[PDB]
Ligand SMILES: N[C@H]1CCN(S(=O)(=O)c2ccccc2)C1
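In structure tokens, the next block holds one chain alone, the form deposited without the ligand.
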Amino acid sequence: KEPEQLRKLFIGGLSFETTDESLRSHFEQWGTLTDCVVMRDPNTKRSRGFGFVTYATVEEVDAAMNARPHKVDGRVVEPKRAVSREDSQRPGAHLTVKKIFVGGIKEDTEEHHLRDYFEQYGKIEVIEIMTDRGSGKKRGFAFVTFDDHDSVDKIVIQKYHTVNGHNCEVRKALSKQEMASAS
């Protein structure tokens, strides 16, 4: 059995009217639900506008994500891979982005090294292996842009990534200003 964290989707933008039951009614169309909850304010019981659904397998999660866009109780909602409580504290953890930062890549890394690891996650649009503009020296990191934000979301929730023979660190790309704001 796969870990609960990887079987779970965050569902944002729920209608006020959505309950555990109507959410379940919709998302069971793509597999067995082991968990399904709408988050509510404890005192007022009013919906917080989001919840979670958990499938019995990650394959069912993939099937649900392939069926976007999802309309639940008359509202288009925003399903996202569930980011752990720990990781949710990091700058940019919940951004909707198509680009990843790939850190700690060998100096002799070439585009094909990145394709041979990342193409299995989604359609690649742009690969940029970064060099210093003045010196031409390799800087040890790259950016990869995909055609679907879910490709990025599914990558960054995994721990290890092997490029050009060795582990690298993969994070959602923060803009120049976001990087400054995160410092």
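From 1 onward, residues are counted along the sequence shown.
Of the other entries compared for this protein that flank it with modelled residues, all give atoms for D108, so not even a third lack it. When the other compared entries with both flanking residues are checked, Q89 is unmodelled in at least a third. The mean C-alpha temperature factor is higher for 133 to 141 when 147 to 155 and 133 to 141 are set side by side.
Taking the mean C-alpha B-factor of each stretch as recorded, 36 to 44 and 62 to 70 are not equal, and the higher mean is that of 36 to 44. The PDB entry assigns its highest CA temperature factor, among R90, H113, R85, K99, to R90. The PDB entry assigns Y117 a C-alpha temperature factor belonging to the middle third of its chain's modelled residues.
Ranked within its chain, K1 lands in the highest third, by CA B factor from the PDB record. Per-chain ranking of the deposited C-alpha B factor places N164 in the middle third. The deposited CA B-factor of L14 belongs to the middle third of values across its chain. Per the deposited record, the Cα B-factor of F50 falls in the middle third when ranked against the other modelled residues of its chain.
Beyond what is shown, the protein has a form solved in complex with the ligand; the following relates to that form.
The ligand in the bound PDB entry comes within 4.5 Å of no heavy atom belonging to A56. Heavy atoms of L33 never reach within 4.5 Å of the ligand in the bound PDB entry, leaving it off the interface. Residues of 49 to 85 that come within 4.5 Å of the ligand in the bound PDB entry, judged by any heavy atom, are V83, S84, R85 in sequence order.
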